[PDB]
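Next up is one chain by itself, shown in structure tokens, the form solved without its partner chain.
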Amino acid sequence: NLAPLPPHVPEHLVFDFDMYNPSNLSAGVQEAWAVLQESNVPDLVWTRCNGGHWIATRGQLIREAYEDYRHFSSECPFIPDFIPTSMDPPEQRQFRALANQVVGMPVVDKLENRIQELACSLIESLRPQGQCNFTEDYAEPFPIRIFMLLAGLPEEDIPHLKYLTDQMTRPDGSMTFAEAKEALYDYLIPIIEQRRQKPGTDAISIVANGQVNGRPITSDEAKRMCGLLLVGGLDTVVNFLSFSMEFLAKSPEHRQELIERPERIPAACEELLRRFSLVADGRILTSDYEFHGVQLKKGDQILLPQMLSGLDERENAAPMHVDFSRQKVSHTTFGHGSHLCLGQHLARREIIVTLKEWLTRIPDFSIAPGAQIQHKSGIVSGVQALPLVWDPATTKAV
């Protein structure tokens, strides 16, 4: 399972961390990754797992590498074709500017109460049941319905669209990754063509009618962009909301704090994004490069885990402790550098709206008795399931 050590890599830097199956997973996924930050582990290591690749383990190095796109390229962002995820500057700036017209802060401010109405109807349908699988019953339906809202798409298309995106990250075997992607494209293409002719004020209409390098955007470019806008906000949001609700279910004192001080909910959102950070992307070396005393070779892959920066004790004191009143919350949960999450403003509103509406309607809830919560590790780390229970008599319809 281990790849043989390339000759340019010294043995003393070898630490065989498996990002898809870390040894301490049962202690919780963030904890399992933080093994990389023990005092005997150098800031830059090589693992022989998953083809062999570098891992930067400290916030300083993670930030620096994400800044230096000239040495650390996005052409190969995964260990071991959406736009703009695979492009370096300067072509990236064009598509990034266009995508920002659909998910940027002004759009998020316009949709805030639509987001709230969606959260309310979901929670209200669960409230009288006294139980749910949060991941399945709230976290999954929420971001897909936000996308249908953004893209002006009908409710009846959800089951099939949801299935297609599920096949890309959690295949049941019906479809290869390529087949799911093309089916997704089969779906988007006619909508794009039609909204070239009769535009609305939706995200597909904007992307379809956009300009890159003097002339109109192609259908190939529009489809691969709309595709990323869809998938970019699903798994991250589903899994992040799950880590957050797991913690709040296990910490009645933190629940109480936000119940008593609702004005702290946006700071709490930021501290949860630090503690339960979940993305680990990477880059490929464009050339030989000596980085902080270490010889990196052209073509080497390097994992730069966005998750690790906020957990670094050099960045935040007592990093495993959740403290909604931290003066300085330092993290790279949405990334850093030219590819910084375009959905970051939408995500923060999704999180804040969720916490406000859930705590308003179902203030007291616990993990279902006897349930053990299981985490999973990957490019986007997550929660397998979150069985929650409450007493309907302690809830309120609002």
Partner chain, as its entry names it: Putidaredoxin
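Positions refer to the first chain, counted from 1.
Same protein, other form: the form solved in complex with its partner chain, not shown, and the subject of what follows.
Given that the partner is absent here, state which listed stretch (180-188, 92-100, 141-149, 275-283) has heavy atoms within 4.5 Å of its partner chain in the deposited complex.
Residues of 92-100 come within 4.5 Å of the partner.
Could you confirm whether residue 366 comes within 4.5 Å of its partner chain in the deposited complex, counting heavy atoms only?
It does not: once its partner chain is placed as it appears in the deposited complex, residue 366 has no heavy atom within 4.5 Å of it.
For residue 67, is any heavy atom within 4.5 Å of its partner chain in the deposited complex, or not?
Yes, contact at 4.5 Å.
Does at least one non-hydrogen atom of residue 59 fall within 4.5 angstroms of its partner chain in the deposited complex?
Residue 59 lies outside the contact set for its partner chain.
Does any heavy atom of residue 352 come within 4.5 Å of a heavy atom of its partner chain in the deposited complex?
No.
Using a 4.5 Å heavy atom cut-off, which residue among 340, 27, 373, 35 comes into contact with its partner chain in the deposited complex?
Of the candidates 340, 27, 373, 35, 340 is the one lying within 4.5 Å of its partner chain in the deposited complex.
Just to confirm, with a 4.5 Å cut-off on non-hydrogen atoms, which of 105, 267, 120, 175 contacts its partner chain in the deposited complex?
None of the other options qualify; the answer is 105.
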